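Notes to accompany the following structure.
Neighbour counts run over all protein chains shown; Cβ positions are idealised from the backbone, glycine included. Computed from the coordinates by the stated procedures, all read-outs in this text should not be read as laboratory data.
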Amino acid sequence: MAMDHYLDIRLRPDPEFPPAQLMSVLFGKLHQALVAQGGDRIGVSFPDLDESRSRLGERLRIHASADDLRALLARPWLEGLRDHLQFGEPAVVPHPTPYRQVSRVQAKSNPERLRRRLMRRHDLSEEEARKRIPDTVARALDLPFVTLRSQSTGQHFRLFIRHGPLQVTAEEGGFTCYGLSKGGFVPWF
RNA sequence: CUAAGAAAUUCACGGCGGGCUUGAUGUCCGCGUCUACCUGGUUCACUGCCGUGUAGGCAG
């Protein structure tokens, strides 16, 4: 509903990295060279998203502000690797604005982190917390929640997103220092 | 609508004593294996400090 300043990002297909790898590289570059000095308005929804085939990211769409894009796209934390993807263009916000509140948050993924929490500041049974981790115990994003991770943990990327309901309503909220929404986002369409 | 039809069939047990297989021996001669390569395999569709109810900001 409030996707006035709109932009897109298309990572071109090449044999030097996967589409999820290119999306993770673009997301890490945006999180390092967009919320480096801070900021308020950052909206990064799936501009070419399809959450039915289990693919969380294969296209980028930015719904940000005017001054947030006039000074948030001219740094070396964004440029440099522009030989795979391309630049963007500005577009106005139409009357059709679905309230797709896109966020940048986490989800429950610890199958033994409850035991660490009980040992640190809980005083709970750590053996039952370790043995209480079945396949039907973890409840994370089973839809395409693309987790662009780093080279610190061997475990693969689970869900890290705050998606909203796509309808004909309006829902906007406060953007964080990483390109998300803390109660809503800009439009998507 | 089976070449239809049907059947308790058995209880017991000491294998054992003994022995010289031995003598002798030349396996030899020769050889071209070679050409090319993306493992990002995700090395569990995952490991972690807020309340051990899906309830958090990191070079994950």
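Counted by Cβ distance under 9 Å from residue A:10, the other residues give a net charge of 0, where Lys and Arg count +1 and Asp and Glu count -1. Multiplying the residue separation of residue A:140 and residue A:83 by 0.36 nm and removing their Cα-Cα distance gives an extension gain of 17.1 nm. Within the listed set A:82, A:113, A:100, the Gaussian network model of chain A (springs between alpha-carbon atoms below 10 Å) gives the highest mean-square fluctuation for A:113. Using bins of 5 Å that start at zero, the share of Cα-Cα pairs per bin across segment A:50-134 amounts to 3, 8, 12, 13, 12, 10, 9, 8, 10, 9, 4, 0, in whole %. Between A:52, A:24, A:152, the residue with the greatest mean-square fluctuation in the GNM of chain A (Cα pairs under 10 Å linked by springs) is A:152. Other residues lying with their Cβ under 15 Å from the Cβ of residue A:82 contribute a combined charge of -2, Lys and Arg counting +1, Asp and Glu -1. Exposure proxy for A:48, A:68: other Cβ atoms within 10 Å of each Cβ, ordered fewest to most, give A:48, A:68.
Take A:6-12, A:137-143, A:174-180 and order them by the average number of nearby Cβ atoms within 10 Å per residue, most first; the result is A:174-180, A:6-12, A:137-143.
Comparing A:31, A:84, A:156 in a Gaussian network model of chain A where C-alpha atoms under 10 Å apart are linked, the largest mean-square fluctuation is found at A:156. At a Förster radius of 35 Å, what calculated FRET efficiency corresponds to the Cβ-Cβ distance of residue A:59 and residue A:132, to the nearest 0.05? Using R0 = 35 Å, I get an efficiency of 0.30.
Scaled to the globular estimate 2.2 N^0.38 Å, the Cα spread of chain A, given as radius of gyration, is 1.14. Calculate how steeply helix A:19-33 sits against the longest principal axis of the alpha-carbon atoms of chain A, using the helix alpha-carbon long axis, and give the answer as 0 to 90 degrees to the nearest 10. That helix lies at roughly 80 degrees to the long axis.
The calculated 222 nm mean residue ellipticity attributable to helices in chain A amounts to -5000 deg cm²/dmol, summing -39500 (n - 2.57) over DSSP H runs of n ≥ 4 and dividing by all residues.
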